[PDB]
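**Q** Compact mmCIF, C-alpha atoms, saved as data-v3.txt, coming up:
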# COMPACT_ATOMS: atom_id res chain seq x y z
CA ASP Z 2 0.00 0.00 0.00
CA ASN Z 3 2.89 2.23 0.87
CA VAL Z 4 6.01 3.51 -0.88
CA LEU Z 5 8.08 6.29 0.56
CA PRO Z 6 4.93 8.21 -0.05
CA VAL Z 7 1.52 7.15 1.30
CA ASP Z 8 0.49 5.91 -2.13
CA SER Z 9 1.53 2.53 -3.44
CA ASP Z 10 3.92 2.36 -6.30
CA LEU Z 11 2.01 -0.34 -8.08
CA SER Z 12 2.65 1.87 -10.99
CA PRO Z 13 6.03 3.37 -11.23
CA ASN Z 14 4.16 6.65 -10.80
CA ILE Z 15 5.34 7.46 -7.26
CA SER Z 16 8.11 10.05 -7.19
CA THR Z 17 9.95 11.75 -4.37
CA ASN Z 18 8.20 14.67 -2.73
CA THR Z 19 11.52 16.37 -3.14
CA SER Z 20 11.75 15.77 -6.89
CA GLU Z 21 8.31 16.08 -8.42
CA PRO Z 22 4.67 17.05 -8.02
CA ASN Z 23 2.65 14.36 -6.17
CA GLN Z 24 -0.22 15.03 -8.59
CA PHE Z 25 -0.75 11.32 -8.67
CA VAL Z 26 -1.57 11.40 -4.96
CA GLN Z 27 -4.47 13.82 -5.31
CA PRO Z 28 -6.17 15.96 -7.83
CA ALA Z 29 -4.27 19.02 -8.95
CA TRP Z 30 -7.13 21.24 -7.95
CA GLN Z 31 -6.89 19.83 -4.46
CA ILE Z 32 -3.39 21.19 -4.44
CA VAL Z 33 -4.67 24.62 -5.27
CA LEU Z 34 -7.34 24.12 -2.68
CA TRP Z 35 -4.80 23.62 0.07
CA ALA Z 36 -2.79 26.47 -1.30
CA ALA Z 37 -5.90 28.63 -1.16
CA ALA Z 38 -6.58 27.66 2.41
CA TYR Z 39 -3.09 28.63 3.39
CA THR Z 40 -3.16 31.94 1.61
CA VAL Z 41 -6.29 33.06 3.39
CA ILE Z 42 -4.93 31.78 6.64
CA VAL Z 43 -1.81 33.85 6.25
CA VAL Z 44 -3.84 36.99 6.18
CA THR Z 45 -5.96 36.15 9.18
CA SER Z 46 -3.23 34.63 11.31
CA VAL Z 47 -0.86 37.49 10.74
CA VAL Z 48 -3.35 40.26 11.34
CA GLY Z 49 -5.01 38.72 14.36
CA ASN Z 50 -1.84 37.73 16.16
CA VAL Z 51 -0.11 40.98 15.42
CA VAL Z 52 -3.11 42.78 16.83
CA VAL Z 53 -2.88 40.79 20.03
CA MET Z 54 0.83 41.34 20.43
CA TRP Z 55 0.54 44.95 19.38
CA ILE Z 56 -2.37 45.77 21.60
CA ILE Z 57 -1.03 44.41 24.81
CA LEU Z 58 2.36 45.96 24.29
CA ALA Z 59 0.70 49.17 23.17
CA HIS Z 60 -1.75 49.35 26.04
CA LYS Z 61 0.01 49.87 29.33
CA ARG Z 62 -2.91 48.58 31.34
CA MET Z 63 -2.84 45.16 29.85
CA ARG Z 64 0.16 44.09 31.81
CA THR Z 65 -0.66 40.97 33.57
CA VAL Z 66 1.51 37.97 33.97
CA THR Z 67 -1.04 36.14 31.91
CA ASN Z 68 -0.66 38.73 29.20
CA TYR Z 69 2.99 37.83 29.11
CA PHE Z 70 2.14 34.19 28.45
CA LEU Z 71 -0.39 35.16 25.81
CA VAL Z 72 2.16 37.18 23.94
CA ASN Z 73 4.23 34.02 23.88
CA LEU Z 74 1.32 32.15 22.37
CA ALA Z 75 0.71 34.97 19.94
CA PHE Z 76 4.36 34.90 18.97
CA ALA Z 77 4.20 31.19 18.32
CA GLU Z 78 1.23 31.80 16.05
CA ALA Z 79 3.08 34.58 14.28
CA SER Z 80 5.96 32.30 13.44
CA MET Z 81 3.43 29.96 11.95
CA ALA Z 82 1.92 32.67 9.83
CA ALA Z 83 5.23 34.10 8.77
CA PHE Z 84 7.55 31.10 8.67
CA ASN Z 85 5.63 27.89 8.32
CA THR Z 86 2.58 28.86 6.36
CA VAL Z 87 4.57 30.59 3.67
CA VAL Z 88 6.63 27.50 2.85
CA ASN Z 89 3.61 25.24 3.09
CA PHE Z 90 1.91 27.52 0.58
CA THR Z 91 4.79 27.50 -1.89
CA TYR Z 92 4.88 23.80 -1.82
CA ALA Z 93 1.22 23.40 -2.25
CA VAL Z 94 1.09 25.27 -5.44
CA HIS Z 95 4.26 23.51 -6.58
CA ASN Z 96 2.75 20.14 -5.60
CA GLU Z 97 5.92 19.14 -3.79
CA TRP Z 98 8.96 19.96 -1.73
CA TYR Z 99 10.83 22.12 -4.16
CA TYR Z 100 13.23 23.09 -1.43
CA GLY Z 101 14.47 19.54 -0.89
CA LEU Z 102 15.51 17.56 2.21
CA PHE Z 103 17.29 20.39 3.95
CA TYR Z 104 14.24 22.52 3.81
CA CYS Z 105 11.97 19.68 4.87
CA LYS Z 106 14.08 19.75 7.98
CA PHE Z 107 13.95 23.44 8.41
CA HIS Z 108 10.25 23.43 7.76
CA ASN Z 109 9.47 20.60 10.06
CA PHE Z 110 11.64 21.93 12.90
CA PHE Z 111 10.09 25.36 13.15
CA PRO Z 112 6.55 24.15 12.94
CA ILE Z 113 7.21 21.43 15.47
CA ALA Z 114 8.70 23.90 17.85
CA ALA Z 115 5.62 26.04 17.47
CA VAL Z 116 3.19 23.25 18.37
CA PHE Z 117 5.20 22.04 21.32
CA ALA Z 118 5.61 25.55 22.64
CA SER Z 119 1.90 26.20 22.44
CA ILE Z 120 0.75 23.22 24.45
CA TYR Z 121 3.49 23.83 26.98
CA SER Z 122 2.59 27.47 27.25
CA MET Z 123 -1.02 26.51 27.79
CA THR Z 124 0.11 24.40 30.71
CA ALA Z 125 1.91 27.29 32.28
CA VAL Z 126 -1.25 29.30 31.87
CA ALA Z 127 -3.17 26.54 33.63
CA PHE Z 128 -0.76 26.41 36.52
CA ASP Z 129 -0.77 30.16 36.85
CA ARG Z 130 -4.54 30.10 36.91
CA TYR Z 131 -4.39 27.55 39.65
CA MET Z 132 -1.97 29.71 41.58
CA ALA Z 133 -4.09 32.81 41.16
CA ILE Z 134 -7.19 31.11 42.32
CA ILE Z 135 -5.81 29.49 45.43
CA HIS Z 136 -3.30 32.03 46.53
CA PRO Z 137 -4.22 35.50 45.75
CA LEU Z 138 -1.10 36.65 47.57
CA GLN Z 139 0.29 38.84 44.86
CA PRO Z 140 3.83 38.95 46.02
CA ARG Z 141 4.58 35.35 45.38
CA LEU Z 142 5.03 36.04 41.72
CA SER Z 143 7.25 38.06 39.45
CA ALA Z 144 7.08 39.44 35.94
CA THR Z 145 10.76 38.72 35.54
CA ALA Z 146 10.08 35.12 36.38
CA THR Z 147 7.42 34.97 33.70
CA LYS Z 148 9.95 35.91 31.07
CA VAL Z 149 12.25 33.30 32.47
CA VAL Z 150 9.42 30.82 32.38
CA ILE Z 151 8.55 31.65 28.80
CA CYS Z 152 12.14 31.17 27.78
CA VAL Z 153 12.15 27.85 29.58
CA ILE Z 154 9.16 26.62 27.62
CA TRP Z 155 11.02 27.42 24.47
CA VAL Z 156 14.00 25.50 25.76
CA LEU Z 157 11.95 22.37 26.35
CA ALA Z 158 10.24 22.87 23.06
CA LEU Z 159 13.65 22.76 21.49
CA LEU Z 160 14.28 19.55 23.35
CA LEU Z 161 11.80 17.82 21.20
CA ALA Z 162 12.00 19.96 18.12
CA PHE Z 163 15.74 20.00 17.84
CA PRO Z 164 16.66 16.35 18.19
CA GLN Z 165 15.19 15.31 14.89
CA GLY Z 166 17.90 17.59 13.49
CA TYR Z 167 20.29 15.62 15.61
CA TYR Z 168 20.43 12.21 14.08
CA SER Z 169 16.92 11.19 14.74
CA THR Z 170 13.78 10.58 12.76
CA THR Z 171 12.59 12.91 9.84
CA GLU Z 172 9.97 13.41 6.76
CA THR Z 173 7.05 14.96 4.63
CA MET Z 174 3.25 14.46 5.33
CA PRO Z 175 0.67 12.59 3.21
CA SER Z 176 0.10 14.68 0.04
CA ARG Z 177 2.67 16.45 1.36
CA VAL Z 178 4.35 19.39 1.63
CA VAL Z 179 4.22 19.81 5.23
CA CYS Z 180 6.97 18.05 7.07
CA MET Z 181 6.73 16.18 10.34
CA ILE Z 182 8.28 13.47 12.49
CA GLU Z 183 8.82 10.05 10.89
CA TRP Z 184 5.83 7.95 11.88
CA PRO Z 185 5.94 5.81 8.73
CA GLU Z 186 9.08 3.78 8.83
CA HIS Z 187 11.34 2.60 11.49
CA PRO Z 188 14.48 3.93 9.72
CA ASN Z 189 16.76 1.92 11.96
CA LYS Z 190 19.93 3.88 11.67
CA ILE Z 191 17.75 6.79 12.62
CA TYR Z 192 16.12 5.12 15.64
CA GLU Z 193 12.69 6.37 14.60
CA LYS Z 194 10.52 4.16 16.78
CA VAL Z 195 11.88 5.34 20.07
CA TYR Z 196 11.67 8.98 19.15
CA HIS Z 197 8.02 8.66 18.11
CA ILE Z 198 6.62 7.31 21.30
CA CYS Z 199 8.79 9.61 23.33
CA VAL Z 200 7.83 12.74 21.54
CA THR Z 201 4.10 12.31 21.45
CA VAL Z 202 3.67 11.25 25.00
CA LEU Z 203 6.20 13.49 26.62
CA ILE Z 204 5.64 16.60 24.62
CA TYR Z 205 1.96 16.49 23.67
CA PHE Z 206 0.24 13.99 25.95
CA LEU Z 207 1.79 14.69 29.31
CA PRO Z 208 1.31 18.39 29.07
CA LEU Z 209 -2.23 17.77 27.99
CA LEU Z 210 -2.87 15.73 31.10
CA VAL Z 211 -1.38 18.32 33.40
CA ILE Z 212 -3.46 21.04 31.85
CA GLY Z 213 -6.45 18.81 32.27
CA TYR Z 214 -5.50 18.08 35.85
CA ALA Z 215 -4.84 21.68 36.76
CA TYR Z 216 -8.14 22.39 35.17
CA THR Z 217 -9.81 19.99 37.56
CA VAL Z 218 -8.36 21.65 40.62
CA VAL Z 219 -9.68 24.98 39.39
CA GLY Z 220 -13.05 23.26 39.26
CA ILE Z 221 -13.47 23.32 43.01
CA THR Z 222 -12.49 26.96 43.11
CA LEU Z 223 -13.68 29.51 40.61
CA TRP Z 224 -15.97 27.73 38.24
CA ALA Z 225 -17.90 28.73 35.16
CA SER Z 226 -20.58 30.45 37.16
CA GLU Z 227 -19.75 34.11 37.46
CA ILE Z 228 -22.28 36.88 37.92
CA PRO Z 229 -21.57 39.85 35.78
CA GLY Z 230 -21.58 42.28 38.62
CA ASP Z 231 -19.13 41.87 41.42
CA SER Z 232 -22.03 41.17 43.68
CA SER Z 233 -23.33 37.63 43.69
CA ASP Z 234 -21.13 34.61 44.24
CA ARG Z 235 -18.18 36.87 43.62
CA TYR Z 236 -16.07 38.19 46.41
CA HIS Z 237 -14.80 41.42 44.88
CA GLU Z 238 -14.94 42.72 41.35
CA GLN Z 239 -11.42 41.60 40.79
CA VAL Z 240 -12.50 38.15 41.83
CA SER Z 241 -15.47 38.38 39.50
CA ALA Z 242 -13.25 39.71 36.73
CA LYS Z 243 -10.78 36.85 37.02
CA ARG Z 244 -13.43 34.25 36.38
CA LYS Z 245 -13.77 35.79 32.94
CA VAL Z 246 -10.08 35.25 32.27
CA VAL Z 247 -10.23 31.65 33.37
CA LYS Z 248 -13.11 30.86 31.07
CA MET Z 249 -11.31 32.25 28.07
CA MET Z 250 -8.28 30.26 29.02
CA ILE Z 251 -10.48 27.21 29.10
CA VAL Z 252 -11.83 27.90 25.65
CA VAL Z 253 -8.35 28.53 24.35
CA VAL Z 254 -7.39 25.10 25.57
CA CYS Z 255 -10.47 23.44 24.13
CA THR Z 256 -9.96 24.85 20.69
CA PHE Z 257 -6.33 23.82 20.91
CA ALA Z 258 -7.18 20.23 21.72
CA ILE Z 259 -9.75 19.92 19.02
CA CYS Z 260 -7.41 21.26 16.40
CA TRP Z 261 -4.34 19.25 17.38
CA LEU Z 262 -5.72 16.08 18.88
CA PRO Z 263 -6.64 14.44 15.66
CA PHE Z 264 -3.14 14.95 14.36
CA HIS Z 265 -1.54 13.47 17.44
CA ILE Z 266 -3.83 10.48 17.38
CA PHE Z 267 -3.00 9.84 13.74
CA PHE Z 268 0.58 10.44 14.72
CA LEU Z 269 0.49 7.36 16.94
CA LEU Z 270 -1.81 5.09 14.97
CA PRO Z 271 0.38 4.93 11.96
CA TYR Z 272 3.31 4.35 14.26
CA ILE Z 273 1.69 1.17 15.49
CA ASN Z 274 0.55 0.07 12.08
CA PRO Z 275 2.69 1.58 9.47
CA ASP Z 276 2.52 0.49 5.89
CA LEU Z 277 -1.11 -0.22 6.42
CA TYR Z 278 -4.31 1.70 6.32
CA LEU Z 279 -6.05 3.09 9.35
CA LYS Z 280 -9.70 3.41 8.58
CA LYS Z 281 -7.99 4.22 5.36
CA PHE Z 282 -4.36 5.12 5.38
CA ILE Z 283 -4.13 7.75 2.83
CA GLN Z 284 -2.78 11.04 1.76
CA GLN Z 285 -6.06 12.64 2.55
CA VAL Z 286 -6.32 11.81 6.20
CA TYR Z 287 -2.90 12.76 7.35
CA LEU Z 288 -3.11 15.91 5.32
CA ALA Z 289 -6.43 17.04 6.59
CA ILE Z 290 -5.41 16.97 10.18
CA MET Z 291 -2.01 18.55 9.84
CA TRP Z 292 -3.41 21.44 7.86
CA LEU Z 293 -6.23 21.68 10.40
CA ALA Z 294 -3.68 22.12 13.15
CA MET Z 295 -2.47 25.11 11.21
CA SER Z 296 -5.92 26.74 11.55
CA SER Z 297 -5.41 26.94 15.24
CA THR Z 298 -3.06 29.82 14.65
CA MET Z 299 -6.05 31.98 13.67
CA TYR Z 300 -8.52 30.99 16.37
CA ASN Z 301 -7.02 32.67 19.36
CA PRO Z 302 -7.49 36.24 18.27
CA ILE Z 303 -11.14 35.55 17.66
CA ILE Z 304 -11.64 34.02 21.08
CA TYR Z 305 -10.05 37.03 22.70
CA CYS Z 306 -12.40 39.47 21.08
CA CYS Z 307 -15.47 37.50 21.86
CA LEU Z 308 -14.22 36.38 25.24
CA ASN Z 309 -13.10 39.56 26.85
CA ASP Z 310 -14.41 43.06 26.84
CA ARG Z 311 -11.14 44.49 28.09
CA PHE Z 312 -9.26 43.43 25.00
CA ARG Z 313 -12.24 44.18 22.86
CA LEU Z 314 -12.44 47.76 23.99
CA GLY Z 315 -8.72 48.28 24.19
CA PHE Z 316 -8.22 46.78 20.71
CA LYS Z 317 -10.82 49.07 19.24
CA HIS Z 318 -8.94 51.93 20.75
CA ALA Z 319 -5.98 50.75 18.74
CA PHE Z 320 -7.93 50.21 15.55
CA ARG Z 321 -9.27 53.68 15.36
CA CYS Z 322 -6.07 55.63 15.44
CA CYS Z 323 -7.58 58.13 17.79
CA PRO Z 324 -9.44 57.02 20.80
CA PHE Z 325 -12.97 56.87 19.43
CA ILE Z 326 -13.77 54.17 21.85
CA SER Z 327 -17.48 54.45 22.08
CA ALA Z 328 -19.49 51.35 22.75
CA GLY Z 329 -19.28 51.70 26.50
CA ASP Z 330 -15.54 51.33 26.98
CA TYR Z 331 -14.17 48.64 29.24
CA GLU Z 332 -16.55 49.98 31.86
CA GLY Z 333 -14.03 48.78 34.36
CA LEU Z 334 -10.37 48.86 33.96
CA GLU Z 335 -9.99 49.55 30.35
CA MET Z 336 -6.98 50.63 32.28
CA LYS Z 337 -7.02 50.74 36.01
CA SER Z 338 -7.09 54.49 35.98
CA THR Z 339 -9.46 54.93 33.10
CA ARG Z 340 -8.98 54.15 29.45
CA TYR Z 341 -5.80 52.30 28.79
CA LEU Z 342 -3.38 52.49 25.90
CA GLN Z 343 0.20 53.46 25.23
CA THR Z 344 -1.06 56.97 25.60
CA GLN Z 345 -4.58 58.22 25.58
CA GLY Z 346 -6.33 56.50 28.42
CA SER Z 347 -3.48 54.74 30.02
CA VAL Z 348 -2.19 57.47 32.25
CA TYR Z 349 1.39 57.30 33.36
CA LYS Z 350 1.80 55.64 36.71
CA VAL Z 351 -1.63 54.10 36.81
CA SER Z 352 -3.25 54.43 40.19
CA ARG Z 353 -2.26 52.26 43.12
CA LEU Z 354 -4.52 50.42 45.50
CA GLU Z 355 -4.08 50.17 49.25
CA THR Z 356 -1.87 52.31 51.40
CA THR Z 357 0.90 50.04 50.32
CA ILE Z 358 1.09 49.28 46.68
CA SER Z 359 -0.86 46.08 46.38
CA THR Z 360 -0.09 45.39 42.78
CA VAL Z 361 3.39 45.79 41.53
CA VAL Z 362 2.41 48.81 39.55
CA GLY Z 363 2.85 52.51 39.88
CA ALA Z 364 6.34 51.53 40.82
CA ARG P 365 7.33 -4.55 5.38
CA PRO P 366 7.68 -1.13 3.69
CA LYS P 367 10.23 -0.99 0.89
CA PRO P 368 13.56 0.62 1.99
CA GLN P 369 14.36 4.17 0.90
CA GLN P 370 16.60 4.27 -2.19
CA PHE P 371 19.17 7.07 -2.23
CA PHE P 372 19.85 6.50 -5.92
CA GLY P 373 16.12 6.55 -6.65
CA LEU P 374 16.02 10.12 -5.36
CA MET P 375 16.57 12.66 -8.15
Could you write out this structure as structure tokens?
**A**
Amino acid sequence: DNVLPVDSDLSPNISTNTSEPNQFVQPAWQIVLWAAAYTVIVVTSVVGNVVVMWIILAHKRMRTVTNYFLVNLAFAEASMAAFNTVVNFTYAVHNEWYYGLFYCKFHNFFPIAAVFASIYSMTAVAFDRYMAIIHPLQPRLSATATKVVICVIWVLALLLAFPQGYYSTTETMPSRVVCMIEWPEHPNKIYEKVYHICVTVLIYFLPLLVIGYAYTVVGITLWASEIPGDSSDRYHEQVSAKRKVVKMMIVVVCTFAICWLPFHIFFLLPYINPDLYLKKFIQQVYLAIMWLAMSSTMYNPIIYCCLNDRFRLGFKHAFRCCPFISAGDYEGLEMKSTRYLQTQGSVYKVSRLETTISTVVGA
Amino acid sequence: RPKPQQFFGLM
């Protein structure tokens, strides 16, 4: 059933993804279809993620530790839109890996790093949520640490992403020109088999479990129920506000799992039964999921807008060059003081709370 | 029993 590519070479038709078009694998139009999907994605992913990164940096008020983690996520998405999607697009219209083996490596490595980093960052977010809920004590926490933490996630991400570059597994996806870890063969010199189990479980699965677990602990504490006003089942507006953040974080995770999980499952199943067909082992299946994972890059900016008024209002401030932020503003801390932005609403040295300075702000 | 990758086969 299999050749180096997913299709059988009953005919001599099969040709290397590096050398020629893969038109035999799927209809040519399907190639343009995937190319089309990528092109549109590039626009959305770039604009949305840039907006997120831009807005939080631009608006002084949105400086939360969580915001730091989100920039990290946004950054990971940006790399996808700039780095990975572009190559994936070129290939698609070419119908194969014009770039050749070196590039397959470059292209797989960066995209792999992006996926690993995302799930790992989501875990940090989960843990931080747990910490915020149980121990509101603000001082046990530092912005500086967050940067350190973010860097750490990247380091671990490299731990999986980089070793394939080290003599380890390698390869292109079903129709593909997307490159990923070598699930198909057990290229012995390469020691593929070991790498495969290790990577999925350690990088994707374990972090998924932790996020799930941390999620459960949060269940006892702040839950979905949150009354819009501070009053009612909320003990302080800040407490009531936080519940909003947690819910978005939950949705962010959910969307993440839905997008990626199918790929990871297919990752493993072919590992167990390579050279065979799953329900059907084909170009189409592997392809659909990996490209689907790419869509994730776009979803987070949408969730933010829908999910939180603060970003929504603050973003709008950014969109219209001037303030022009009608629509009711944040009606809370657009900024703590009032409106928030680089300028405009976010007044220098935003106000402080408590005789002492409760939040590390107004420093 | 997938066929082995051929270096020469690659163009």
**Q** For chain P, work out the contacting residues on chain Z at 10 Å, counting all atoms listed in the file, and write them as a compact mmCIF listing (two decimals) with C-alpha atoms, keeping the file's coordinate frame.
**A**
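File written: selection_25.txt
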# COMPACT_ATOMS: atom_id res chain seq x y z
CA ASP Z 2 0.00 0.00 0.00
CA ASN Z 3 2.89 2.23 0.87
CA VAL Z 4 6.01 3.51 -0.88
CA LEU Z 5 8.08 6.29 0.56
CA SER Z 16 8.11 10.05 -7.19
CA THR Z 17 9.95 11.75 -4.37
CA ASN Z 18 8.20 14.67 -2.73
CA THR Z 19 11.52 16.37 -3.14
CA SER Z 20 11.75 15.77 -6.89
CA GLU Z 21 8.31 16.08 -8.42
CA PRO Z 185 5.94 5.81 8.73
CA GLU Z 186 9.08 3.78 8.83
CA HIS Z 187 11.34 2.60 11.49
CA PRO Z 188 14.48 3.93 9.72
CA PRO Z 275 2.69 1.58 9.47
CA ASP Z 276 2.52 0.49 5.89
CA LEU Z 277 -1.11 -0.22 6.42
**Q** Report, in Å with one decimal, the straight-line distance from atom CA of residue Z:270 to atom CA of residue Z:85.
**A** 24.9 Å
**Q** Record the distance separating atom CA of residue Z:205 and atom CA of residue Z:265, expressed in Å with one decimal.
**A** 7.8 Å
**Q** May I ask for the distance between atom CA of residue Z:236 and atom CA of residue Z:72, given in Å to one decimal place?
**A**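 For atom CA of residue Z:236 relative to atom CA of residue Z:72, the distance reads 29.0 Å.
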**Q** From the set Z:77, Z:284, Z:341, Z:254, which residue has the shortest atom-to-atom contact distance to residue Z:31, counting only C-alpha atoms?
**A**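 Smallest distance to residue Z:31 is found for Z:284.
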**Q** Please identify all polymer residues lying at most 10 Å from the point (-1.9, 15.3, -6.1) (file coordinates), using only C-alpha atoms, and present the result as a list in words.
**A**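 Within the cut-off we find residues 22, 23, 24, 25, 26, 27, 28, 29, 30, 31, 32, 33, 93, 96, 97, 176, 177, 284 and 285 of chain Z.
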**Q** Hey, which of Z:238, Z:172, Z:332, Z:193 ends up closest to residue Z:104? Count only C-alpha atoms.
**A** Z:172
**Q** So that I can see what lies close to residue Z:88, please list as an MDAnalysis selection string the residues with an atom at most 8 Å from it, counting all atoms listed in the file and leaving out residues fewer than 4 positions away in the same chain.
**A** chainID Z and resid 84 92 108
**Q** Within 12 Å of (1.7, 27.5, 24.3), in the coordinates the file gives, what residues turn up when you count all atoms listed in the file, written out as a PDB file with C-alpha atoms, in the frame of the given file?
**A**
ATOM      1  CA  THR Z  67      -1.040  36.140  31.910  1.00  0.00           C
ATOM      2  CA  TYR Z  69       2.990  37.830  29.110  1.00  0.00           C
ATOM      3  CA  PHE Z  70       2.140  34.190  28.450  1.00  0.00           C
ATOM      4  CA  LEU Z  71      -0.390  35.160  25.810  1.00  0.00           C
ATOM      5  CA  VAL Z  72       2.160  37.180  23.940  1.00  0.00           C
ATOM      6  CA  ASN Z  73       4.230  34.020  23.880  1.00  0.00           C
ATOM      7  CA  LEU Z  74       1.320  32.150  22.370  1.00  0.00           C
ATOM      8  CA  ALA Z  75       0.710  34.970  19.940  1.00  0.00           C
ATOM      9  CA  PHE Z  76       4.360  34.900  18.970  1.00  0.00           C
ATOM     10  CA  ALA Z  77       4.200  31.190  18.320  1.00  0.00           C
ATOM     11  CA  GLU Z  78       1.230  31.800  16.050  1.00  0.00           C
ATOM     12  CA  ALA Z 114       8.700  23.900  17.850  1.00  0.00           C
ATOM     13  CA  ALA Z 115       5.620  26.040  17.470  1.00  0.00           C
ATOM     14  CA  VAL Z 116       3.190  23.250  18.370  1.00  0.00           C
ATOM     15  CA  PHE Z 117       5.200  22.040  21.320  1.00  0.00           C
ATOM     16  CA  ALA Z 118       5.610  25.550  22.640  1.00  0.00           C
ATOM     17  CA  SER Z 119       1.900  26.200  22.440  1.00  0.00           C
ATOM     18  CA  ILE Z 120       0.750  23.220  24.450  1.00  0.00           C
ATOM     19  CA  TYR Z 121       3.490  23.830  26.980  1.00  0.00           C
ATOM     20  CA  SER Z 122       2.590  27.470  27.250  1.00  0.00           C
ATOM     21  CA  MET Z 123      -1.020  26.510  27.790  1.00  0.00           C
ATOM     22  CA  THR Z 124       0.110  24.400  30.710  1.00  0.00           C
ATOM     23  CA  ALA Z 125       1.910  27.290  32.280  1.00  0.00           C
ATOM     24  CA  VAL Z 126      -1.250  29.300  31.870  1.00  0.00           C
ATOM     25  CA  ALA Z 127      -3.170  26.540  33.630  1.00  0.00           C
ATOM     26  CA  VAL Z 150       9.420  30.820  32.380  1.00  0.00           C
ATOM     27  CA  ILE Z 151       8.550  31.650  28.800  1.00  0.00           C
ATOM     28  CA  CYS Z 152      12.140  31.170  27.780  1.00  0.00           C
ATOM     29  CA  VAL Z 153      12.150  27.850  29.580  1.00  0.00           C
ATOM     30  CA  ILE Z 154       9.160  26.620  27.620  1.00  0.00           C
ATOM     31  CA  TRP Z 155      11.020  27.420  24.470  1.00  0.00           C
ATOM     32  CA  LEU Z 157      11.950  22.370  26.350  1.00  0.00           C
ATOM     33  CA  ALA Z 158      10.240  22.870  23.060  1.00  0.00           C
ATOM     34  CA  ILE Z 204       5.640  16.600  24.620  1.00  0.00           C
ATOM     35  CA  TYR Z 205       1.960  16.490  23.670  1.00  0.00           C
ATOM     36  CA  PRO Z 208       1.310  18.390  29.070  1.00  0.00           C
ATOM     37  CA  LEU Z 209      -2.230  17.770  27.990  1.00  0.00           C
ATOM     38  CA  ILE Z 212      -3.460  21.040  31.850  1.00  0.00           C
ATOM     39  CA  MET Z 250      -8.280  30.260  29.020  1.00  0.00           C
ATOM     40  CA  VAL Z 253      -8.350  28.530  24.350  1.00  0.00           C
ATOM     41  CA  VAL Z 254      -7.390  25.100  25.570  1.00  0.00           C
ATOM     42  CA  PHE Z 257      -6.330  23.820  20.910  1.00  0.00           C
ATOM     43  CA  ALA Z 258      -7.180  20.230  21.720  1.00  0.00           C
ATOM     44  CA  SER Z 297      -5.410  26.940  15.240  1.00  0.00           C
ATOM     45  CA  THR Z 298      -3.060  29.820  14.650  1.00  0.00           C
ATOM     46  CA  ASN Z 301      -7.020  32.670  19.360  1.00  0.00           C
TER      47      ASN Z 301
END
**Q** Would you give the centre and edge lengths, in Å to one decimal, of a box along x, y and z around the listed atoms of stretch 366-369 of chain P, with 8 Å added to each side, as AutoDock Vina command-line options?
**A**
--center_x 11.0 --center_y 1.5 --center_z 2.3 --size_x 22.7 --size_y 21.3 --size_z 18.8
**Q** Choose the residue, out of Z:300, Z:55, Z:272, Z:331, that has the smallest atom-to-atom separation from residue Z:255; count only C-alpha atoms.
**A**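 Counting only C-alpha atoms, the residue closest to residue Z:255 is Z:300.
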